[PDB]
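**Student:** My structure is below; once you've seen it, I'll send some questions.
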There are 4 protein chains.
Amino acid sequence: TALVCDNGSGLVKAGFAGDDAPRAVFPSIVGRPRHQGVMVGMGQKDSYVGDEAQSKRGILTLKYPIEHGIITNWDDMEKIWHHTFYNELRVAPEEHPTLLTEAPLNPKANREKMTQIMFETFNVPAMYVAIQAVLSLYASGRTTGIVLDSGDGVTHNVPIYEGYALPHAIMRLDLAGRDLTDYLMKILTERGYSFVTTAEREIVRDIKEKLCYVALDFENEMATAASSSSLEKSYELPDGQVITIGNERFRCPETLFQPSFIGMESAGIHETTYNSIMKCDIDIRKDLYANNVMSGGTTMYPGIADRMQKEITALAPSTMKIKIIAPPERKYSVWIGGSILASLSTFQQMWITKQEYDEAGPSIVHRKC
Amino acid sequence: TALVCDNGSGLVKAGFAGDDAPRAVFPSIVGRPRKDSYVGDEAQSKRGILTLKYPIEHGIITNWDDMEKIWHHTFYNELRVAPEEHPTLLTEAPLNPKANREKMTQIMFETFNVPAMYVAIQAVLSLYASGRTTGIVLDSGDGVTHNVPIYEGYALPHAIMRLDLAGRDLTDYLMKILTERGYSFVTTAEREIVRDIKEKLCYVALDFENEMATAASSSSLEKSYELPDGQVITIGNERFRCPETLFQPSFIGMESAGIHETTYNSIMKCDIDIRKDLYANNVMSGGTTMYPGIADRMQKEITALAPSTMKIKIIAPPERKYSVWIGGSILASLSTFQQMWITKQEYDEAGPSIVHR
Amino acid sequence: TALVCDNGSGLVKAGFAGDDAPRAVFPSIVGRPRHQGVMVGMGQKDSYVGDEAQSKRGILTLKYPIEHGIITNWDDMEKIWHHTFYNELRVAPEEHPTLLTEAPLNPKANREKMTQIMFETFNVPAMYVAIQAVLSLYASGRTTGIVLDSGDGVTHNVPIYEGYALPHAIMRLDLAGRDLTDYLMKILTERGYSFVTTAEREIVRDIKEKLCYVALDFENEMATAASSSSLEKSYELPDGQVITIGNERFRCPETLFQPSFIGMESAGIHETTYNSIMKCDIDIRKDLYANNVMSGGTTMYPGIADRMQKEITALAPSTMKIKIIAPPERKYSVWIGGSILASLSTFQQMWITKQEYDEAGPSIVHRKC
Amino acid sequence: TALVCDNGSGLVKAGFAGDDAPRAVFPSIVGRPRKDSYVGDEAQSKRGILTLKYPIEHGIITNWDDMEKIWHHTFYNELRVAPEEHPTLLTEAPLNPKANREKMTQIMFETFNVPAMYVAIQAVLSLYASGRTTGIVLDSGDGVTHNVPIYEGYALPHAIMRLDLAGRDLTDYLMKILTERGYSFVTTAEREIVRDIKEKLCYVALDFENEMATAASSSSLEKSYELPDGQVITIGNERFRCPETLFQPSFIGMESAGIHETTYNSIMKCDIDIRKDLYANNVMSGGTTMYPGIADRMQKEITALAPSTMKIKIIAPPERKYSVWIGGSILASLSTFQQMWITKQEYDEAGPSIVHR
Ligand SMILES: Nc1ncnc2c1ncn2[C@@H]1O[C@H](COP(=O)(O)OP(=O)(O)O)[C@@H](O)[C@H]1O
Ligand SMILES: Nc1ncnc2c1ncn2[C@@H]1O[C@H](COP(=O)(O)OP(=O)(O)O)[C@@H](O)[C@H]1O
Ligand SMILES: Nc1ncnc2c1ncn2[C@@H]1O[C@H](COP(=O)(O)OP(=O)(O)O)[C@@H](O)[C@H]1O
Ligand SMILES: Nc1ncnc2c1ncn2[C@@H]1O[C@H](COP(=O)(O)OP(=O)(O)O)[C@@H](O)[C@H]1O
Ligand SMILES: [Mg+2]
Ligand SMILES: [Mg+2]
Ligand SMILES: [Mg+2]
Ligand SMILES: [Mg+2]
């Protein structure tokens, strides 16, 4: 079969084409010890990749090799791919073609270097690089719609009509889940809790998933929060301490709709989606309005579907119908579409073979993909 | 085999790798006239004409001329063992200067010419003896009381505590509270009796206020001890008040916090992700922690400090007095450690800097 | 003397009739603070207009009041007109009339609202609105020709023969310098440079004017860039960082000749020029061929005149001779023509007096101007 | 005249506007018995019978019962002035919650009944002292360290950094490295002696590596300090190791980067059109930035991280220990500021929300 690896900014999802769920889902971090070793002959590792780092994170400096959807550390990225191909999938990469994903509007050297590593280090026989937003449309089983893919470093919109993509209407916002974690780390010190280290960033990310939510009306909710203590929630720290947050629950996800909280000048995701639709042709805006697909993990906040529907409804004309498609499996929608695409007879002639790479070099990926 | 020696503040242990107990342990003291030099139990006698000083006091050497005398005594006179024929494993102290370890490597490689050398932290060896990997070691000896937290074999030097209350000050404090009973123990010949009476009839009470009331209302807690000259004395509340100084250092006028507060402070200075594993592994070391009920007392004290959800376990092995030497004997016998010995050739090629491992 | 004002989409040019150069030229932006003031007193204002907004653009949200030759915000436009009359020209509009310009095929409310403001807010004694393309012919001293005024929001062609304008052959293209700046903004992301805020858009605009140029043959130039790095130029940002672009230099201006780069169905400027000539009478097509008066800021790219000459020649019969008239001062040809027109004794009857407006309302801009 | 307050993490400075130095400077410590409470140096004198806890230890009040005692101790005892006649100007740390600044207005107008007041940011007042409106302020103090970028009077709260390493942590590290030489600095009385050693003998080396080699090979860097008991102690390389924790926070087990990289990171998080002006205006303030050579060291470190074409200028006025108070003293006396006092009449007609005016 063919591997379908979705190397995101926050998580790595590997598996085999033709399945329905990823086989390996682990954080994309590499940790190194920051203290000195004292015990004798313990076999203490100098680098931890994946779930090993998350279990020993109290004595490590966790670092993401991918930031904002761009691979900045290439020595660390080869370690993560080695962990995926050997310690997680337990396969020989020389026998399976690999399908990779990449966010739109990325540097041309980010995609070229992936081709060089896959073809010269792991010696795969074929490969292909796909766009994450296109793959999210395969999972939903539709050919017309606009995909809002919010992950850990990139929030991009891609409008597709009858299988045709419009590159001029593609947006890309660099506000995503990691920026929400950092913002929540800052608004927590107002209550007294100080989270600083990279290890404690993972703790705050845990608080964000369990408690944070999106309010339908931000102004009304803020008045309710201060009026009574009916919104406070208690979270227990790993060391037994109990912290309480009352209004930081809905202020952190509000950065998506009000990017001025983190000092950004760009508009919210609700306005960015409307802008992308208006850039398309007038005769295709009606179908794009009713087909709003959301993928990625950052689109999993409770109430984000109801909030997004209400905001776009005000901007759009009253005659038009607005529908937001939020499947419960939208976290793994990019991978599922990759498995569907890689399991198609027509796609079998679109792989980049080793022979083509041996004549045109790593620059063939732009012409083919 | 190898030679395992413990550089204790008051007692120096010696032996071979493989034994279940040190062969020769002596209260190492140096003596100089005020017959050229005296060291060990011999220097205890005729001490009036000798200069008795503590070399290792506060767990740091501070005197290299006296230190070489102790090592000379513990090999030629205590074991009848030639140092140049067998490797020697020494024990360092937590938070020790690199130059302090630097000189220790040079001294035996030149004066004694030992074939192989290795030095280990005393708190680490106490953790090795229990066979554990993660835990905070309360090493209470004769001069110092350390709190060394270790996680996955990675010590945290910024969270290592240090206290100056130990067994030596407990014995001296016992004298200051035994004079009001009519007994006079100024003379050093009677110091050993006070130390002996401390190791026999001293226990730590769970509730200090309740124990004080019991010892006064009724004579049930009173016990009798016979002095060597033939006189029998009875000690009342002194049985538990003297060990209470560890938890209440203000008894001897000190300002520092007790061992229960010192342990909690060291835990809170560690990373939040490793505090849970340190709560469940509280290892004991040294002979100052052989007071009955000390393990039960500190479990209650730390519990009131730690969060209610956290689980507290106090590990107090019955051989905690010799834990450091036992851990050294176990470590020197493992095949993994066999390749970590610092050979003489490595020292010659590089210098004293090899020991920085 | 009578004031002449050239209200452009990106630049404002003002001066007096009779002079040869505009008195004061400044960007047409109105920036407002987005951060929080913390210092006591200070010269902090509510809105900065013109150069004072370009100098403080780091902490302001720049907003162009005119887009695509249409005034969107009618309150920020009054600020710019007030800035021009009182702060830049330092004259009282009460004492002399003003000459205004407008793009062809514009909304009828654009002319009416401009007339109402001048006669009431500033109470000018008279006013007149002149077509920019007509004025550009005055500066060249010609009565027959076809103009290619390419500004910042609108590109248009107006054929004139012996002082007679042909309304049916008048063209208008909504592709201009601002769209080229946005296109260059997107294609700089392929090298890793991310410009997002409105302040950083001005930085990109400076790169376009200093580095971008027009290639004689697009296919030949593309191969040269890949063959060797003999077309790379470095640019120093205000931060001090050095950026390098070698292939984007001749691709951004190519959007004018190939509008499909930004996803548009319209033809290129060379094809639009040919279409305008064809719709005119056959007898006068010979004169228009050799009188291609090129003007506007966007037409200042090096080699654009040669490229237009080669393109039109291929479409035109070999017998006809194609001549491109590109004066070195074409950046202000619209203003210079207005200076010449307002200095004519025959033009004094064409002014719209205040008495006429009071008895006819703001609609008088159509019956005479 | 109007009073000026400089509420700090470890030292408060009060006085009157128009002067050149604070009239009264005392520590911000309130201690309860372990005669209701003791504030300032009086609590430090009776430390043995009081629990010394700081309301501010990290810039934020977080204790509103102790500051009704510290403010009371300042006006009624330190300055000997009834607060109900002069308006007071209090300062607050950057990134302060809107509720914290709202609570000061509530306390002042009711508990103290001051005739109008004002709350200003500490970083802003440090810029007023140097007569600037554009720059980035490194306000290193006793409990926290901030990097506050200001451009033409408009702050950038999204780029304000915060480091919890300050002078208090440097004194503790100096205490630890002094034990390696055998000096026993344990009690809080000896901490004040250690504080005086740091303030008179510790400096910042231009480069750490070459100074280490020079110190280890010569005694020219050694300096002798005379203890209050007449003892003479000597410090060698420890002089430039205590302040080096500012640039290498890993010395005390902290993960964050030094003050040189924190400032550069703060600059790079601002708009690209304002970074050139922030590079040339680096204003230092606070007590901890008084080390000899910190300004020269900071310029060298930021220069490497910045592009070559840029120009870096560190602006350290000689009296930067009281820059925050001096800025408040200058600001209150100006006739322009006389119109922006938060008059008590406003606080009566409306709520305490007018503190955001
Ligand atoms: N239930 C949830 N609520 C809020 N955020 C979530 C939730 N689940 C995941 N996330 C966020 O999604 C991010 C990664 O999700 P995902 O899109 O699956 O990976 P990637 O971003 O690598 O594509 C994480 O950083 C996490 O903060
Ligand atoms: N059973 C005991 N009860 C109380 N104290 C003891 C007991 N045994 C030894 N001690 C004291 O503990 C002190 C510390 O000795 P030890 O724990 O062997 O290590 P070190 O000599 O290195 O400090 C000795 O000075 C001794 O007086
Ligand atoms: N030398 C140049 N090269 C390329 N483009 C330029 C040059 N000079 C100006 N431009 C662009 O031309 C645009 C139009 O300017 P201009 O026609 O002078 O006034 P307006 O903006 O009113 O049309 C400007 O937005 C500017 O970006
Ligand atoms: N000359 C000096 N050298 C080094 N540190 C100093 C010096 N003077 C004062 N300090 C430190 O500054 C700290 C207090 O600084 P300051 O900013 O005035 O008050 P606070 O930080 O408490 O608001 C003290 O803890 C002291 O250690
Ligand atoms: Mg994704
Ligand atoms: Mg010991
Ligand atoms: Mg124009
Ligand atoms: Mg301060």
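Scheme for the structure tokens: letters A, B, ... for chains in order shown; per-chain residue numbers from 1; ligand numbers from 1 in order shown.
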Give me the residues within 8 Å of residue B:243 as a short mmCIF file (atom, residue, chain, number, x, y, z; two decimals) with N, CA and C atoms, in the first residue's frame, counting only C-alpha atoms and dropping any in the same chain fewer than 6 places off.
**Tutor:**
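Final output, saved to out31.cif:
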```cif
data_model
loop_
_atom_site.label_atom_id
_atom_site.label_comp_id
_atom_site.auth_asym_id
_atom_site.auth_seq_id
_atom_site.Cartn_x
_atom_site.Cartn_y
_atom_site.Cartn_z
N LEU B 170 22.45 17.55 68.01
CA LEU B 170 21.44 16.92 68.85
C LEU B 170 22.05 16.41 70.15
N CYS B 202 15.84 7.30 72.65
CA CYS B 202 15.35 8.51 72.01
C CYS B 202 14.40 8.14 70.88
N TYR B 203 13.24 8.78 70.86
CA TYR B 203 12.24 8.54 69.83
C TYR B 203 11.58 9.86 69.46
N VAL B 204 10.98 9.89 68.27
CA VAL B 204 10.29 11.07 67.76
C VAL B 204 8.80 10.89 67.97
N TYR B 291 15.87 7.36 64.62
CA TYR B 291 14.98 7.54 65.75
C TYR B 291 13.65 6.85 65.46
#
```
**Student:** Skip stretch 303-307 of chain A itself and residues of its chain fewer than 3 positions away, then list as number ranges by chain all residues within 9 Å of it, counting only C-alpha atoms.
**Tutor:** A: 213-217, 253, 270, 294, 299-300, 310-312, 324-326
**Student:** Counting only C-alpha atoms and all ligand atoms, what residues are within 7 Å of ligand 4, given as a tab-separated table (two decimals) with N, CA, C and O atoms, in the first residue's frame?
**Tutor:**
```tsv
chain	number	residue	atom	x	y	z
D	7	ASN	N	5.49	52.30	44.80
D	7	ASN	CA	5.27	50.93	45.25
D	7	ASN	C	6.08	49.93	44.44
D	7	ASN	O	5.92	49.83	43.22
D	8	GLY	N	6.95	49.19	45.12
D	8	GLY	CA	7.86	48.28	44.46
D	8	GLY	C	7.77	46.88	45.05
D	8	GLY	O	7.16	46.66	46.10
D	9	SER	N	8.40	45.94	44.35
D	9	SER	CA	8.38	44.55	44.79
D	9	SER	C	9.20	44.34	46.05
D	9	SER	O	8.86	43.48	46.87
D	10	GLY	N	10.27	45.11	46.24
D	10	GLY	CA	11.12	44.93	47.39
D	10	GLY	C	11.53	46.22	48.07
D	10	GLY	O	12.21	46.19	49.11
D	11	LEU	N	11.13	47.35	47.51
D	11	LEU	CA	11.49	48.65	48.07
D	11	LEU	C	10.50	49.69	47.57
D	11	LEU	O	10.28	49.81	46.36
D	12	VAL	N	9.90	50.44	48.49
D	12	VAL	CA	9.01	51.53	48.14
D	12	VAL	C	9.72	52.85	48.40
D	12	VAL	O	10.49	52.99	49.36
D	140	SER	N	14.71	46.45	35.29
D	140	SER	CA	15.10	45.36	36.18
D	140	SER	C	15.09	45.84	37.62
D	140	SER	O	15.68	46.88	37.94
D	141	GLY	N	14.41	45.10	38.50
D	141	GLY	CA	14.27	45.53	39.87
D	141	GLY	C	14.58	44.47	40.91
D	141	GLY	O	15.64	43.84	40.86
D	142	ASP	N	13.67	44.27	41.85
D	142	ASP	CA	13.86	43.33	42.95
D	142	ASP	C	13.08	42.04	42.80
D	142	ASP	O	13.52	41.01	43.31
D	143	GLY	N	11.94	42.06	42.11
D	143	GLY	CA	11.15	40.85	41.97
D	143	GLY	C	10.89	40.43	40.54
D	143	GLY	O	10.66	39.25	40.28
D	167	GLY	N	17.00	41.23	41.33
D	167	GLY	CA	18.06	41.34	42.32
D	167	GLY	C	17.91	40.40	43.50
D	167	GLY	O	18.90	39.97	44.09
D	168	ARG	N	16.67	40.06	43.86
D	168	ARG	CA	16.44	39.14	44.96
D	168	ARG	C	17.01	37.76	44.65
D	168	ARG	O	17.58	37.09	45.52
D	171	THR	N	20.97	37.78	44.83
D	171	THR	CA	21.53	37.69	46.18
D	171	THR	C	21.58	36.25	46.66
D	171	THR	O	22.56	35.82	47.27
D	195	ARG	N	24.02	41.13	50.74
D	195	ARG	CA	23.48	42.16	49.86
D	195	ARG	C	24.46	43.32	49.70
D	195	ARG	O	24.63	43.84	48.60
D	198	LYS	N	27.22	42.37	47.28
D	198	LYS	CA	26.79	42.44	45.89
D	198	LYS	C	26.74	43.88	45.39
D	198	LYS	O	27.11	44.16	44.24
D	199	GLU	N	26.28	44.81	46.23
D	199	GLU	CA	26.10	46.19	45.82
D	199	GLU	C	27.40	46.98	45.77
D	199	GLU	O	27.39	48.12	45.29
D	200	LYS	N	28.51	46.42	46.24
D	200	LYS	CA	29.77	47.16	46.30
D	200	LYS	C	30.95	46.45	45.66
D	200	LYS	O	32.00	47.08	45.49
D	286	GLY	N	15.86	50.95	37.35
D	286	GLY	CA	15.80	50.00	38.44
D	286	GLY	C	17.16	49.80	39.11
D	286	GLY	O	18.21	50.15	38.58
D	287	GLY	N	17.11	49.23	40.31
D	287	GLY	CA	18.33	49.04	41.08
D	287	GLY	C	19.27	48.02	40.47
D	287	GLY	O	20.49	48.20	40.48
D	288	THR	N	18.72	46.93	39.93
D	288	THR	CA	19.55	45.83	39.45
D	288	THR	C	20.40	46.20	38.24
D	288	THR	O	21.40	45.54	37.98
D	289	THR	N	20.02	47.24	37.50
D	289	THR	CA	20.78	47.67	36.33
D	289	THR	C	21.94	48.59	36.68
D	289	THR	O	22.44	49.30	35.80
D	290	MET	N	22.37	48.62	37.94
D	290	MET	CA	23.42	49.52	38.39
D	290	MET	C	24.80	48.87	38.41
D	290	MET	O	25.76	49.50	38.87
D	291	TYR	N	24.92	47.64	37.92
D	291	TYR	CA	26.21	46.97	37.93
D	291	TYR	C	27.20	47.70	37.03
D	291	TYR	O	26.82	48.17	35.95
D	321	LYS	N	18.43	54.48	39.68
D	321	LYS	CA	17.83	53.73	40.78
D	321	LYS	C	16.49	54.32	41.19
D	321	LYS	O	15.62	53.60	41.69
D	322	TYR	N	16.30	55.62	40.98
D	322	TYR	CA	15.06	56.31	41.33
D	322	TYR	C	14.41	56.95	40.10
D	322	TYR	O	13.71	57.96	40.22
```
**Student:** Write out as a PyMOL selection string every residue belonging to chain D that has an atom at most 10 Å from any atom of chain C, counting only C-alpha atoms.
**Tutor:** chain D and resi 120-121+123-125+127-128+133+150-158+268+270-277+279+306-310+331+336-337+340
**Student:** What does the list of residues within 9 Å of ligand 3 look like if you count only C-alpha atoms and all ligand atoms, written as a ChimeraX atom specification?
**Tutor:** /C:6-13,27-28,69,149-154,176-178,180-181,202,205-206,208-213,253,295-302,330-332,334
**Student:** Within 10 Å of chain D, which residues of chain B are there when counting only C-alpha atoms? Please give them as JSON, numbers by chain.
**Tutor:** {"B": [58, 60, 61, 62, 95, 96, 97, 98, 99, 100, 156, 157, 158, 159, 162, 163, 164, 250, 254, 255, 256, 269, 270]}
**Student:** Nearest to chain A: which of C:174, C:265, C:75, C:20 is it, counting only C-alpha atoms?
**Tutor:** C:265
**Student:** What separation in Å, quoted to one decimal, exists between atom CA of residue A:201 and atom CA of residue D:57?
**Tutor:**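 Those two atoms sit 23.0 Å apart.
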**Student:** Find the residues near residue D:71: any atom within 12 Å, counting only C-alpha atoms, skip ones fewer than 3 places away on the same chain, and give them as a PDB file with C-alpha atoms, in the first residue's frame.
**Tutor:**
```pdb
ATOM      1  CA  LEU D   3       2.843  63.180  47.274  1.00  0.00           C
ATOM      2  CA  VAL D   4       4.504  60.654  44.963  1.00  0.00           C
ATOM      3  CA  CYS D   5       4.631  56.916  45.677  1.00  0.00           C
ATOM      4  CA  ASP D   6       6.749  54.225  44.001  1.00  0.00           C
ATOM      5  CA  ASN D   7       5.269  50.935  45.253  1.00  0.00           C
ATOM      6  CA  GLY D   8       7.856  48.280  44.461  1.00  0.00           C
ATOM      7  CA  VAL D  12       9.006  51.534  48.139  1.00  0.00           C
ATOM      8  CA  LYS D  13      10.132  55.123  47.586  1.00  0.00           C
ATOM      9  CA  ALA D  14       7.990  58.078  48.660  1.00  0.00           C
ATOM     10  CA  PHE D  26      11.875  51.333  53.247  1.00  0.00           C
ATOM     11  CA  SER D  28       7.695  46.650  51.420  1.00  0.00           C
ATOM     12  CA  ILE D  29       7.432  43.818  53.942  1.00  0.00           C
ATOM     13  CA  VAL D  30       4.533  43.289  56.358  1.00  0.00           C
ATOM     14  CA  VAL D  39       5.852  47.361  58.362  1.00  0.00           C
ATOM     15  CA  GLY D  40       9.208  48.125  56.778  1.00  0.00           C
ATOM     16  CA  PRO D  55       2.365  41.798  49.274  1.00  0.00           C
ATOM     17  CA  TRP D  64      -4.979  44.311  49.522  1.00  0.00           C
ATOM     18  CA  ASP D  65      -4.834  43.936  53.319  1.00  0.00           C
ATOM     19  CA  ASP D  66      -1.083  44.556  53.576  1.00  0.00           C
ATOM     20  CA  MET D  67      -1.097  47.655  51.346  1.00  0.00           C
ATOM     21  CA  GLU D  68      -3.574  49.388  53.612  1.00  0.00           C
ATOM     22  CA  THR D  74       4.295  55.746  54.505  1.00  0.00           C
ATOM     23  CA  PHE D  75       1.998  58.749  54.954  1.00  0.00           C
ATOM     24  CA  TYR D  76       1.526  58.593  58.724  1.00  0.00           C
ATOM     25  CA  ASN D  77       5.014  57.477  59.815  1.00  0.00           C
ATOM     26  CA  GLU D  78       7.625  57.829  57.064  1.00  0.00           C
ATOM     27  CA  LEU D  79       6.467  61.192  55.682  1.00  0.00           C
ATOM     28  CA  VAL D  81       1.852  64.059  56.602  1.00  0.00           C
ATOM     29  CA  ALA D  82      -1.918  63.673  56.726  1.00  0.00           C
ATOM     30  CA  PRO D  83      -2.980  62.184  53.358  1.00  0.00           C
ATOM     31  CA  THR D  88      -0.988  61.159  45.746  1.00  0.00           C
ATOM     32  CA  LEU D  90       1.008  55.968  42.764  1.00  0.00           C
ATOM     33  CA  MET D 104      -6.262  51.511  44.141  1.00  0.00           C
ATOM     34  CA  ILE D 107      -8.956  52.469  48.540  1.00  0.00           C
ATOM     35  CA  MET D 108      -7.398  55.924  48.181  1.00  0.00           C
ATOM     36  CA  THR D 111      -9.811  54.671  53.281  1.00  0.00           C
ATOM     37  CA  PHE D 112      -7.439  57.644  52.950  1.00  0.00           C
ATOM     38  CA  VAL D 114      -7.020  61.823  49.327  1.00  0.00           C
TER      39      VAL D 114
END
```
**Student:** Pull out every residue of chain C sitting within 12 Å of chain A, counting only C-alpha atoms, and send them as a PyMOL selection string.
**Tutor:** chain C and resi 33-36+58-62+179+182-183+185-200+226+259-265
**Student:** Give the alpha helix (DSSP H) residues of stretch 154-348 of chain D, as assigned by DSSP on the backbone, as a ChimeraX atom specification.
**Tutor:** /D:167-179,188-201,208-217,259-268,275-279,294-305,323-333,344-348
**Student:** As a list in words, please: all residues of stretch 180-306 of chain C that backbone DSSP puts in strand (DSSP E).
**Tutor:** residues 233, 234, 235, 236, 242, 243, 244, 245, 292 and 293 of chain C
**Student:** Can you tell me which residues surround stretch 353-361 of chain C at a distance of at most 10 Å, considering only C-alpha atoms, apart from same-chain residues fewer than 2 positions away, and format the answer as number ranges by chain?
**Tutor:** C: 97, 112, 115-116, 119-120, 123-128, 349-351, 363-365, 367
**Student:** Calculate how many Å separate atom CA of residue C:246 from atom CA of residue C:234, rounding to one decimal.
**Tutor:**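 Here the two named atoms are 8.6 Å from each other.
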**Student:** Find, counting only C-alpha atoms and all ligand atoms, the residue in B:63, B:91, B:45, B:217 that gets nearest to ligand 2.
**Tutor:**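 Selected residue with least distance to ligand 2: B:91.
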**Student:** Would you kindly return, as a list in words, each protein, DNA or RNA residue with an atom no farther than 7 Å from any atom of residue C:286, considering only C-alpha atoms and excluding same-chain residues fewer than 3 positions away?
**Tutor:**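 Near residue C:286, the qualifying residues are residues 283, 289 and 320 of chain C.
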**Student:** In Å, how far is it from atom CA of residue A:339 to atom CA of residue A:74?
**Tutor:**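 Computing it gives 25.9 Å between the two atoms.
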**Student:** Near residue C:290, within 8 Å and counting only C-alpha atoms, which residues show up once chain neighbours fewer than 5 positions away are dropped, as a count of residues only?
**Tutor:** 5
**Student:** Which neighbours of residue B:261 fall inside 9 Å, counting only C-alpha atoms, when residues of the same chain fewer than 5 positions from it are skipped, and could you give them as an MDAnalysis selection string?
**Tutor:** chainID B and resid 247 266 301:302 305
**Student:** Restricting the output to N, CA and C atoms, write the selected residues as a compact mmCIF listing (two decimals), in the first residue's frame.
**Tutor:**
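Heads up, here's the output in again.txt:
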```txt
# COMPACT_ATOMS: atom_id res chain seq x y z
N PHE B 247 12.72 18.97 63.83
CA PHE B 247 11.51 19.59 63.31
C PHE B 247 11.32 21.01 63.81
N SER B 266 12.16 22.04 48.84
CA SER B 266 12.94 21.46 47.76
C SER B 266 12.04 20.90 46.66
N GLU B 301 3.69 15.33 58.76
CA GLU B 301 4.07 16.73 58.63
C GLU B 301 4.03 17.18 57.17
N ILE B 302 4.58 16.38 56.26
CA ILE B 302 4.56 16.74 54.85
C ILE B 302 3.14 16.68 54.29
N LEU B 305 1.35 19.80 54.36
CA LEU B 305 1.88 20.78 53.42
C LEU B 305 1.51 20.46 51.97
```
